[PDB]
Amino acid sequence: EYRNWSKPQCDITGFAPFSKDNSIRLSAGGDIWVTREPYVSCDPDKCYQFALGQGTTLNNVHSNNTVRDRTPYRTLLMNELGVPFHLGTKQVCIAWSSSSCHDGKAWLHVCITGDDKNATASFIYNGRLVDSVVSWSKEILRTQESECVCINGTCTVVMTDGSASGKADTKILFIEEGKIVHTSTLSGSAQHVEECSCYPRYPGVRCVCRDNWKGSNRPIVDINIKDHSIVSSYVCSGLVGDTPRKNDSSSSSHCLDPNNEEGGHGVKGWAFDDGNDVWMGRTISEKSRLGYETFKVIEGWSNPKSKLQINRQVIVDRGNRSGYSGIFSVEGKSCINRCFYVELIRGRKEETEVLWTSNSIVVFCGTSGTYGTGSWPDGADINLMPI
């Protein structure tokens, strides 16, 4: 009954279209939640889309100023994948930062809300509150914004507390049926870790995260579920996956250290190893959240000098807005597959035609077959939306 993910990673040639919800286009002629920080996680049968609501629908006086990151009204929404966040969506917990996963038996939700300097993380398993932890550094306790990972009934999640522009306090929690059974401190050479996109890599858990301090290469966190040990580093690939970052011709990376290239700030992203190669996504703009592309970097997981990409796919064309992206893993008959979602942000502050800030999603899954080309942006006409 417990998921173990003890199958090899599927062969991957690229990614094929899987889901899109068109939520902003629908918002103009229907009651749809205002959201951000979406993600996808699946129970053994089917996938669900999650996001952080703003306690309001879009066509609604309360959508004004929803660019704001943390309010007492934000809640974690959960629908089957492809059901847009309509008024019958379940708010599974109070949260302005979250992570959820299914351990094969039940859902775990990790939900952070409350004051910036004294936030509370609730742990809800199988529909009931089982544990909670207070902010340890009094400076915006925050977590993955994408699925956690469970092996043999032990779920792990990565959480950070402290500065967004300097050394912070990152901890990796081990949760069994909703109870925190152990807490490990981040260790290794990752110098700043946020918004980890984690996946099963039996017998352990591997994460590619966001360095908001000095790195435009992405940190890696490796989690041993048995002995609770932690190691960390950076995605070697000379083509780096954060935003902002330097242009392709002049960017560099490092397997152990942040590259000190437009390292400040960032955006939630993902990557995963395939042998010594690395599959990764990133925005097409090096400076802002415009466009989205995927490709494989040959020797990109082990060689910081490789900028040799192949199998590029445009997910969102450079002229349209993207945003966060994260990984989720889906068990197939013979192998574990890798999928990702792209948050498609519309509104303030970058688009001033409206007062609100929300997103739609588009989702793609690894394939061993073939695929072609396209572009699947949000598609709403911001000039014709309710203000």
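One-based numbering along the sequence shown.
Stretches 228-236 and 246-254 differ in mean C-alpha B factor, with the higher average recorded for 246-254. The PDB entry records a higher mean C-alpha B factor for 350-358 than for its counterpart among 46-54 and 350-358. Set against one another, the Cα B-factors of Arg312, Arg74, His86, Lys90 in the record reach their highest point at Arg312.
Listed residues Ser98, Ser216, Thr113, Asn79 were ranked by CA B-factor as deposited; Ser216 comes out on top. Sorting the modelled residues of the chain by their CA temperature factor places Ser189 in the highest third. Among the modelled residues of the chain, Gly178 sits in the lowest third by CA temperature factor in this PDB entry. Among the modelled residues of the chain, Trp136 sits in the middle third by CA temperature factor in this PDB entry.
Among the modelled residues of the chain, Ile298 sits in the highest third by CA temperature factor in this PDB entry.
In the PDB entry, a CA B factor belonging to the highest third of its chain's modelled residues is recorded for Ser334.
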